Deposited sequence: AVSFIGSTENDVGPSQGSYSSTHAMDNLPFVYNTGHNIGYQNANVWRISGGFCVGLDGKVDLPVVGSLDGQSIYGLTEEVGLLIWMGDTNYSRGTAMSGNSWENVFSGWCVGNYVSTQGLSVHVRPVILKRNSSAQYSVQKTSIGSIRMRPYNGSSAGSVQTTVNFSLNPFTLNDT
């Protein structure tokens, strides 16, 4: 069986967070996973349910850096994005605007457990300005959906949750 136990709208990163550069364009801010969201318990699963995760970014793709997409927020600011299973360290680098397999999946046994997820992003400066500061308002990022497999089914259970980037300021 499966049921939804998480939240549908999720904020990524602390509200009105401020980040400073520590070091060429596009320039990527080394924010680790400070700008993220994670929840180990989004779906409750049991009885042999097999589930993985698909992730999708809705922001426009405005470039490619080191193998993954640069998603645009404004003409001067973009994002590198990772989506995946619960632990931030297992995030899958996102490219494109299609649903992508971000967690290969697992199968619970004949007991009850949960399926979680995580998302984190890193700011990218696409074009510099005279103020050496870049701010972005709250913006929808994309979604993550559970992907049942091996015959498992979502039935009438909610499959998708969404993510919105909390407003932030980048200081250089």
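The chain's deposited sequence has unresolved stretches at 24-26, 176, with no C-alpha coordinates there.
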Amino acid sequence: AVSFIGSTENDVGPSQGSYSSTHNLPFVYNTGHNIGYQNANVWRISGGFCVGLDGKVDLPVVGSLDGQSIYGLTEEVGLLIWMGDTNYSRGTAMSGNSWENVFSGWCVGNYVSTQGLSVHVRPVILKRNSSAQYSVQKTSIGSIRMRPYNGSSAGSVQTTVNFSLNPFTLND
From here on, numbers count along this sequence of modelled residues.
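Higher mean CA B-factor, judged across 157-165 and 13-21 from the recorded values: 13-21. Mean CA temperature factor is higher for 67-75 when stretches 67-75 and 81-89 are set side by side in the entry. Residue-level inspection of the entry shows that, of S130, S113, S143, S118, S130 has the top Cα B-factor. Which of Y29, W106, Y37, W43 has the largest Cα B-factor in the deposited entry comes down to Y29.
For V51, the recorded CA B-factor ranks within the lowest third of the chain. Only modelled residues enter the ranking. The entry lists a Cα temperature factor for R122 that places it in the middle third of the chain's modelled residues.
Per-chain ranking of the deposited C-alpha B factor places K138 in the middle third.
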